[PDB]
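See below for start-v2.cif, which holds mmCIF, C-alpha atoms and all ligand atoms.
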```
data_target
loop_
_atom_site.label_atom_id
_atom_site.label_comp_id
_atom_site.auth_asym_id
_atom_site.auth_seq_id
_atom_site.Cartn_x
_atom_site.Cartn_y
_atom_site.Cartn_z
CA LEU A 4 0.15 -33.18 51.46
CA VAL A 5 3.64 -34.74 51.38
CA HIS A 6 4.65 -36.24 47.96
CA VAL A 7 7.70 -38.37 48.45
CA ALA A 8 9.66 -39.17 45.33
CA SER A 9 9.83 -42.90 44.56
CA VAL A 10 12.28 -44.24 41.84
CA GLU A 11 10.61 -46.45 39.22
CA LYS A 12 11.49 -49.88 40.45
CA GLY A 13 14.79 -51.21 39.20
CA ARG A 14 15.60 -48.24 36.94
CA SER A 15 18.88 -46.41 36.72
CA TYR A 16 20.59 -43.57 34.73
CA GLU A 17 20.95 -45.62 31.54
CA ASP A 18 17.18 -46.39 31.45
CA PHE A 19 16.29 -42.69 31.58
CA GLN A 20 18.99 -41.83 29.01
CA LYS A 21 17.06 -44.17 26.59
CA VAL A 22 13.72 -42.37 27.13
CA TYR A 23 15.65 -39.01 26.51
CA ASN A 24 17.20 -40.43 23.32
CA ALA A 25 13.70 -41.55 22.06
CA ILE A 26 12.20 -38.03 22.61
CA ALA A 27 15.28 -36.35 20.96
CA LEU A 28 15.23 -38.66 17.89
CA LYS A 29 11.54 -37.99 17.41
CA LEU A 30 12.22 -34.19 17.73
CA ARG A 31 14.74 -34.61 14.90
CA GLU A 32 12.32 -36.61 12.81
CA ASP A 33 9.10 -34.55 13.11
CA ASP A 34 10.78 -31.24 12.14
CA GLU A 35 7.83 -29.99 10.00
CA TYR A 36 5.29 -29.20 12.81
CA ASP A 37 4.08 -25.62 13.17
CA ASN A 38 5.68 -24.28 9.94
CA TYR A 39 9.04 -25.96 10.66
CA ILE A 40 9.48 -24.75 14.20
CA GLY A 41 9.24 -28.43 15.31
CA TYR A 42 7.96 -29.79 18.70
CA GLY A 43 10.73 -28.37 21.06
CA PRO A 44 8.76 -25.17 22.08
CA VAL A 45 5.36 -26.90 22.77
CA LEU A 46 7.12 -29.55 24.91
CA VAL A 47 8.78 -26.95 27.19
CA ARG A 48 5.38 -25.13 27.38
CA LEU A 49 3.91 -28.53 28.45
CA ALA A 50 6.54 -29.06 31.19
CA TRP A 51 5.88 -25.51 32.55
CA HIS A 52 2.02 -25.95 32.48
CA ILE A 53 1.91 -29.32 34.34
CA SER A 54 4.33 -27.72 36.90
CA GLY A 55 2.71 -24.22 37.17
CA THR A 56 -0.46 -25.47 38.86
CA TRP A 57 1.49 -25.86 42.19
CA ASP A 58 0.41 -24.11 45.30
CA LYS A 59 2.95 -23.67 48.12
CA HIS A 60 0.25 -23.23 50.80
CA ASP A 61 -1.33 -26.72 50.76
CA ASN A 62 1.16 -28.59 48.41
CA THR A 63 -1.56 -29.29 45.74
CA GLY A 64 -0.88 -29.25 41.93
CA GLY A 65 2.70 -29.32 40.51
CA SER A 66 4.39 -32.05 38.33
CA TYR A 67 4.29 -34.94 40.77
CA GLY A 68 0.98 -36.63 40.09
CA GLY A 69 0.95 -36.43 36.30
CA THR A 70 -2.69 -35.33 36.47
CA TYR A 71 -2.80 -33.54 33.05
CA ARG A 72 -3.66 -37.10 31.79
CA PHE A 73 -7.10 -36.42 33.33
CA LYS A 74 -9.88 -34.67 31.41
CA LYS A 75 -10.44 -31.76 33.85
CA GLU A 76 -6.78 -30.61 33.51
CA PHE A 77 -6.47 -31.66 29.84
CA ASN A 78 -9.48 -29.51 28.83
CA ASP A 79 -8.46 -26.45 30.89
CA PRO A 80 -8.78 -23.36 28.54
CA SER A 81 -5.20 -22.33 29.52
CA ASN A 82 -3.89 -25.65 28.12
CA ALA A 83 -5.34 -25.15 24.57
CA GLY A 84 -2.66 -26.32 22.05
CA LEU A 85 -0.83 -28.70 24.47
CA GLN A 86 -2.77 -31.73 23.07
CA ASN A 87 -0.09 -31.65 20.35
CA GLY A 88 2.77 -32.19 22.86
CA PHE A 89 0.72 -34.92 24.54
CA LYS A 90 0.17 -36.68 21.22
CA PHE A 91 3.94 -36.46 20.48
CA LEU A 92 5.02 -38.15 23.72
CA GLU A 93 2.28 -40.82 23.64
CA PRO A 94 4.12 -43.39 21.34
CA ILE A 95 7.16 -42.87 23.58
CA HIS A 96 5.14 -43.75 26.69
CA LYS A 97 3.93 -46.99 24.89
CA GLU A 98 7.61 -47.78 24.18
CA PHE A 99 8.62 -47.13 27.82
CA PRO A 100 5.47 -48.12 29.86
CA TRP A 101 7.39 -48.19 33.20
CA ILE A 102 8.00 -44.40 33.29
CA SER A 103 5.52 -42.31 35.27
CA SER A 104 3.50 -39.49 33.51
CA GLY A 105 4.97 -36.59 35.58
CA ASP A 106 8.47 -37.94 34.87
CA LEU A 107 7.81 -38.24 31.08
CA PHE A 108 6.07 -34.83 30.80
CA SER A 109 8.89 -33.10 32.73
CA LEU A 110 11.69 -34.95 30.94
CA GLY A 111 10.14 -33.86 27.56
CA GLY A 112 10.85 -30.21 28.59
CA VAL A 113 14.46 -31.02 29.68
CA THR A 114 15.16 -32.95 26.44
CA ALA A 115 13.72 -30.09 24.30
CA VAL A 116 15.91 -27.38 25.91
CA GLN A 117 19.13 -29.38 25.60
CA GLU A 118 18.40 -30.48 22.04
CA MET A 119 17.68 -26.83 21.07
CA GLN A 120 21.30 -25.95 22.13
CA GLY A 121 20.17 -24.74 25.58
CA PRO A 122 22.01 -25.23 28.92
CA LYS A 123 22.18 -28.69 30.58
CA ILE A 124 19.18 -28.95 33.06
CA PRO A 125 19.84 -31.54 35.95
CA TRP A 126 16.75 -33.75 36.26
CA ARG A 127 15.58 -36.05 39.12
CA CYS A 128 13.32 -39.06 38.67
CA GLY A 129 10.59 -40.32 41.09
CA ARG A 130 7.24 -38.62 40.39
CA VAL A 131 4.33 -41.06 41.05
CA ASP A 132 1.02 -41.02 39.24
CA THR A 133 -1.83 -40.01 41.52
CA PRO A 134 -5.64 -40.58 41.27
CA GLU A 135 -8.14 -38.47 39.23
CA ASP A 136 -9.42 -36.77 42.38
CA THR A 137 -6.03 -35.14 43.03
CA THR A 138 -6.32 -33.29 39.67
CA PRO A 139 -6.15 -29.44 40.35
CA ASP A 140 -9.18 -27.29 39.42
CA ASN A 141 -8.82 -25.02 36.36
CA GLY A 142 -7.73 -21.40 36.81
CA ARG A 143 -4.32 -21.77 38.57
CA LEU A 144 -2.29 -20.79 35.45
CA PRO A 145 -1.45 -17.08 34.67
CA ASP A 146 -3.29 -14.55 32.53
CA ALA A 147 -1.43 -12.72 29.72
CA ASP A 148 -3.30 -9.40 29.83
CA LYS A 149 -1.76 -8.17 33.10
CA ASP A 150 1.05 -6.09 34.55
CA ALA A 151 4.27 -6.56 36.52
CA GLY A 152 2.51 -6.58 39.95
CA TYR A 153 0.27 -9.46 38.87
CA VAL A 154 3.35 -11.40 37.55
CA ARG A 155 5.24 -10.91 40.84
CA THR A 156 2.26 -11.93 42.93
CA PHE A 157 1.49 -14.92 40.72
CA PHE A 158 4.99 -16.37 40.89
CA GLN A 159 5.15 -16.00 44.65
CA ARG A 160 2.63 -18.96 44.83
CA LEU A 161 5.43 -21.18 43.35
CA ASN A 162 8.00 -19.21 45.29
CA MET A 163 9.94 -17.89 42.52
CA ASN A 164 11.67 -14.50 43.20
CA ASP A 165 12.42 -11.73 40.67
CA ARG A 166 15.54 -13.21 39.09
CA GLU A 167 13.95 -16.71 38.72
CA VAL A 168 10.86 -15.13 37.04
CA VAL A 169 12.94 -13.11 34.54
CA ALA A 170 15.22 -16.11 33.73
CA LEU A 171 12.13 -18.42 33.20
CA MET A 172 10.35 -15.93 30.89
CA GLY A 173 13.37 -15.99 28.55
CA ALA A 174 11.83 -19.24 27.18
CA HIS A 175 9.33 -16.95 25.30
CA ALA A 176 12.03 -16.52 22.62
CA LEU A 177 10.90 -20.09 21.67
CA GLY A 178 8.00 -21.02 19.40
CA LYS A 179 5.09 -18.56 19.00
CA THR A 180 1.65 -17.43 20.15
CA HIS A 181 -1.25 -18.82 18.06
CA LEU A 182 -4.59 -17.02 17.66
CA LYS A 183 -6.91 -20.08 17.93
CA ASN A 184 -5.19 -21.34 21.14
CA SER A 185 -4.82 -18.16 23.14
CA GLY A 186 -6.23 -15.05 21.39
CA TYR A 187 -2.66 -13.81 20.65
CA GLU A 188 -0.62 -14.06 17.45
CA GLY A 189 3.01 -14.00 16.46
CA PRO A 190 6.55 -14.95 17.46
CA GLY A 191 8.95 -13.28 20.01
CA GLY A 192 12.00 -13.20 17.72
CA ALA A 193 13.75 -14.71 14.67
CA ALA A 194 15.51 -17.81 16.11
CA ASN A 195 12.53 -19.51 17.66
CA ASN A 196 13.72 -23.08 17.78
CA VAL A 197 17.21 -22.47 19.10
CA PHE A 198 17.61 -21.49 22.78
CA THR A 199 19.43 -18.11 23.08
CA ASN A 200 19.09 -14.77 25.05
CA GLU A 201 17.15 -13.24 22.13
CA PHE A 202 13.96 -12.42 24.16
CA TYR A 203 15.87 -9.85 26.28
CA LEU A 204 17.69 -8.24 23.32
CA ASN A 205 14.34 -7.86 21.44
CA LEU A 206 12.50 -6.44 24.40
CA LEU A 207 15.40 -3.82 24.83
CA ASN A 208 16.09 -3.04 21.12
CA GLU A 209 12.82 -3.23 19.19
CA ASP A 210 10.45 -0.30 18.62
CA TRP A 211 7.33 -1.83 20.19
CA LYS A 212 3.86 -0.53 19.36
CA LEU A 213 0.62 -1.35 21.27
CA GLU A 214 -2.12 -2.72 19.03
CA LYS A 215 -5.33 -4.76 19.24
CA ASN A 216 -5.23 -8.06 17.33
CA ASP A 217 -8.04 -10.00 15.51
CA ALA A 218 -9.26 -11.58 18.78
CA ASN A 219 -9.69 -8.06 20.40
CA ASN A 220 -6.70 -8.50 22.71
CA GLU A 221 -3.87 -6.07 23.07
CA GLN A 222 -0.32 -6.92 22.28
CA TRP A 223 2.93 -5.12 21.60
CA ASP A 224 4.02 -5.46 17.94
CA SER A 225 7.32 -4.45 16.38
CA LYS A 226 8.40 -3.34 12.85
CA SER A 227 10.29 -6.64 12.56
CA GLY A 228 7.13 -8.71 12.77
CA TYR A 229 7.65 -9.75 16.40
CA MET A 230 5.21 -9.59 19.31
CA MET A 231 5.21 -9.32 23.08
CA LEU A 232 2.41 -10.17 25.53
CA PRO A 233 1.39 -7.45 28.16
CA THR A 234 2.98 -9.72 30.82
CA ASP A 235 6.22 -9.93 28.76
CA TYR A 236 6.42 -6.19 28.13
CA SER A 237 5.93 -5.74 31.96
CA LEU A 238 9.49 -6.81 32.46
CA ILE A 239 10.77 -3.50 31.10
CA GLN A 240 8.17 -1.40 32.98
CA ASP A 241 9.18 -2.65 36.42
CA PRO A 242 12.59 -1.23 37.61
CA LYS A 243 13.65 -4.37 39.46
CA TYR A 244 12.77 -6.69 36.46
CA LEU A 245 14.50 -4.27 34.03
CA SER A 246 17.95 -4.49 35.60
CA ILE A 247 17.85 -8.32 35.35
CA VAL A 248 16.63 -8.15 31.68
CA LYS A 249 19.67 -5.86 30.88
CA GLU A 250 22.00 -8.35 32.58
CA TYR A 251 20.79 -11.29 30.49
CA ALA A 252 20.86 -9.24 27.28
CA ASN A 253 24.55 -8.56 27.98
CA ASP A 254 25.40 -12.09 29.15
CA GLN A 255 23.94 -15.21 27.66
CA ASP A 256 26.07 -17.53 29.89
CA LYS A 257 24.66 -15.94 33.06
CA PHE A 258 21.16 -16.33 31.50
CA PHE A 259 21.79 -20.06 30.78
CA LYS A 260 23.11 -20.72 34.32
CA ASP A 261 20.11 -18.98 35.96
CA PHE A 262 17.50 -20.53 33.59
CA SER A 263 18.98 -23.96 34.39
CA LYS A 264 18.56 -23.53 38.20
CA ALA A 265 15.10 -21.92 37.94
CA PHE A 266 13.69 -24.50 35.51
CA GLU A 267 14.81 -27.48 37.67
CA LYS A 268 13.25 -25.76 40.74
CA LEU A 269 9.96 -25.31 38.82
CA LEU A 270 9.92 -29.00 37.80
CA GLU A 271 10.70 -30.21 41.40
CA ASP A 272 8.33 -27.94 43.43
CA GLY A 273 6.11 -29.88 45.84
CA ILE A 274 8.39 -33.00 45.85
CA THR A 275 10.33 -34.40 48.80
CA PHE A 276 13.54 -36.30 47.75
CA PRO A 277 14.74 -38.85 50.43
CA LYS A 278 18.62 -38.79 50.66
CA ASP A 279 18.78 -42.39 49.60
CA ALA A 280 17.52 -40.98 46.28
CA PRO A 281 19.83 -40.86 43.21
CA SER A 282 21.59 -37.46 42.70
CA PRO A 283 20.08 -35.46 39.72
CA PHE A 284 20.90 -36.94 36.30
CA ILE A 285 22.74 -34.90 33.62
CA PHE A 286 21.75 -36.45 30.24
CA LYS A 287 24.03 -36.46 27.22
CA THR A 288 22.62 -34.92 24.04
CA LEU A 289 22.41 -37.03 20.75
CA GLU A 290 25.40 -35.12 19.45
CA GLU A 291 27.47 -35.99 22.51
CA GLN A 292 26.69 -39.69 21.97
CA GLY A 293 27.33 -39.72 18.22
CA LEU A 294 23.66 -40.44 17.47
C1 LIG A 301 3.11 -14.91 33.28
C2 LIG A 301 3.60 -16.12 32.67
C3 LIG A 301 3.24 -16.60 31.41
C4 LIG A 301 2.17 -16.29 30.58
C5 LIG A 301 1.03 -15.31 30.76
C6 LIG A 301 2.38 -17.05 29.42
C7 LIG A 301 1.50 -17.06 28.31
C8 LIG A 301 1.72 -17.66 27.06
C9 LIG A 301 0.84 -17.62 26.01
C10 LIG A 301 -0.47 -16.86 25.92
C11 LIG A 301 1.43 -18.42 25.03
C12 LIG A 301 0.87 -18.80 23.67
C13 LIG A 301 0.11 -20.08 23.61
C14 LIG A 301 -0.40 -20.36 22.20
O1 LIG A 301 -1.14 -19.59 21.59
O2 LIG A 301 -0.05 -21.39 21.66
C15 LIG A 301 2.66 -18.79 25.51
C16 LIG A 301 3.59 -19.61 24.84
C17 LIG A 301 4.75 -20.23 25.32
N1 LIG A 301 5.14 -20.22 26.59
FE1 LIG A 301 4.35 -18.95 28.03
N2 LIG A 301 3.54 -17.69 29.47
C18 LIG A 301 4.04 -17.49 30.69
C19 LIG A 301 5.20 -18.11 31.18
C20 LIG A 301 6.03 -19.06 30.57
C21 LIG A 301 7.12 -19.68 31.18
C22 LIG A 301 7.59 -19.51 32.64
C23 LIG A 301 7.56 -20.60 30.22
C24 LIG A 301 8.61 -21.54 30.23
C25 LIG A 301 9.67 -21.71 31.16
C26 LIG A 301 6.77 -20.42 29.09
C27 LIG A 301 6.95 -21.09 27.86
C28 LIG A 301 6.25 -20.93 26.68
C29 LIG A 301 6.63 -21.41 25.43
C30 LIG A 301 7.89 -22.18 25.09
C31 LIG A 301 5.66 -20.97 24.55
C32 LIG A 301 5.56 -21.28 23.05
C33 LIG A 301 4.69 -22.51 22.79
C34 LIG A 301 4.41 -22.87 21.32
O3 LIG A 301 5.11 -22.42 20.42
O4 LIG A 301 3.49 -23.62 21.05
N3 LIG A 301 5.83 -19.50 29.32
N4 LIG A 301 2.85 -18.32 26.75
#
```
Represent the structure from my file as structure tokens, please.
Amino acid sequence: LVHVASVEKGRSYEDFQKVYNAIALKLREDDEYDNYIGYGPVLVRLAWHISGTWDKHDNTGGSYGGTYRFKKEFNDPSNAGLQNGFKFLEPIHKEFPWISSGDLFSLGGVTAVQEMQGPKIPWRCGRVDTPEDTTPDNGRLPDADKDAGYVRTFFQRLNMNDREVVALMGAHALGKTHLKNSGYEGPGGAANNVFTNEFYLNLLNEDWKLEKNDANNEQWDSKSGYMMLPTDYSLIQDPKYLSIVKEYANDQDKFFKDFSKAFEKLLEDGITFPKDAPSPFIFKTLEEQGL
């Protein structure tokens, strides 16, 4: 497969800035969801799940085709809980019917990180909706009950190296795990709807204890009332992942710069950009616009 990016006909930077402003205004408005965490965390989880199905070997999956709109992908057990981010963006897609699904789903993640005081993520337009028979089969997304070798091996399918994996996982400071969606329960830190380097500081400074939860799954719990998944805790058990974790705990600006590059790469995997294509867009936040 080749998936060549095609710009939505006649659209420019200012058109996309209006879809970004509509998502960001609705993030401001619907601030009560999930005990006042708001929709920012579930929207970056949605952008990572529609992108994490990619396979480098045959170019199938990935954000291009916007195939999470189909029932097979939508009802994947690993996507339980994302129906909420879908329902959030759905009025916005009726307001801007020209935007493709892969572009809206991925831009939702970019808008959420920037509006939660995260780094600026450059974003490129041009994903094209593809037919229901291009929808990936279930089972390409990662398990949480595993170790650092599984994590390393998993992310090699999306050719992410060690530093990209540790930067990307820092998004687990956002939102929380929910027992009815995944069989895990609890948040990763205190500031879970502001983007910071908190995940790394917690993983290095909390007294973590291994316990089984009410779904019979193991997780690491701390005195503070925080939790870590087996795959998260992995990052301090592997010597190569641990030096990068220490680096981001001591330097939030390095973390923001690396998360920015790795997240854009994740959202563009599997897509060919022609060089007549527009350069990546950097969107202004509401605050920068006075809105
Ligand atoms: C080995 C990789 C990963 C595993 C096993 C994993 C697993 C999980 C699980 C089990 C949840 C909880 C879902 C729920 O109960 O609602 C979760 C939440 C979340 N994940 Fe991941 N994750 C991984 C990687 C990532 C990456 C790379 C990102 C983003 C760049 C990410 C972003 C999020 C976010 C923001 C949440 C919170 C969602 C919410 O509050 O509803 N995850 N993760």
Could you tell me how far atom CA of residue 290 of chain A lies from atom CA of residue 35 of chain A, in Å and to one decimal?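 Distance between the two atoms: 20.6 Å.
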Just want the 10 Å neighbourhood of residue 277 of chain A, counted on all atoms listed in the file, with same-chain residues fewer than 3 positions away dropped. Output as a tab-separated table (two decimals) with C-alpha atoms, keeping the file's coordinate frame.
```tsv
chain	number	residue	atom	x	y	z
A	7	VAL	CA	7.70	-38.37	48.45
A	8	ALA	CA	9.66	-39.17	45.33
A	9	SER	CA	9.83	-42.90	44.56
A	274	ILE	CA	8.39	-33.00	45.85
A	280	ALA	CA	17.52	-40.98	46.28
A	281	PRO	CA	19.83	-40.86	43.21
```
Could you list, as number ranges by chain, every residue within 8 Å of segment 183-198 of chain A, counting only C-alpha atoms and ignoring same-chain residues fewer than 6 positions away? A: 40-41, 43-44, 81, 83-84, 116, 119-121, 174-177, 205, 216-220, 222, 228-232
So what do you get for atom CA of residue 181 of chain A versus atom FE1 of ligand LIG 301 (chain A), distance-wise?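 It comes out at 11.4 Å.
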Just checking: using only C-alpha atoms, which residue out of A:65, A:111, A:233, A:134 ends up closest to residue 146 of chain A?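 Once distances to residue 146 of chain A are computed over only C-alpha atoms, the minimum belongs to A:233.
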Using all atoms listed in the file, find the one residue out of A:94, A:139, A:145, A:125 that sits nearest to residue 51 of chain A.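 Smallest distance to residue 51 of chain A is found for A:145.
Interatomic distance, atom CA of residue 85 of chain A against atom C9 of ligand LIG 301 (chain A): 11.3 Å.
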Can I get a file of segment 130-142 of chain A from the given structure, C-alpha atoms kept, as a PDB file, in the first residue's frame?
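This is the output file out.pdb:
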```
ATOM      1  CA  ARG A 130      -5.673  11.947   5.232  1.00  0.00           C
ATOM      2  CA  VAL A 131      -8.381  10.430   2.946  1.00  0.00           C
ATOM      3  CA  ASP A 132     -11.238   8.262   4.124  1.00  0.00           C
ATOM      4  CA  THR A 133     -10.905   4.695   2.881  1.00  0.00           C
ATOM      5  CA  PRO A 134     -13.511   1.881   2.457  1.00  0.00           C
ATOM      6  CA  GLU A 135     -14.789  -0.486   5.212  1.00  0.00           C
ATOM      7  CA  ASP A 136     -12.675  -3.350   3.867  1.00  0.00           C
ATOM      8  CA  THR A 137      -9.437  -1.490   4.669  1.00  0.00           C
ATOM      9  CA  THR A 138     -10.405  -1.486   8.388  1.00  0.00           C
ATOM     10  CA  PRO A 139      -7.599  -3.316  10.408  1.00  0.00           C
ATOM     11  CA  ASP A 140      -8.525  -6.500  12.320  1.00  0.00           C
ATOM     12  CA  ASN A 141      -8.708  -6.245  16.136  1.00  0.00           C
ATOM     13  CA  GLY A 142      -5.655  -7.133  18.239  1.00  0.00           C
TER      14      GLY A 142
END
```
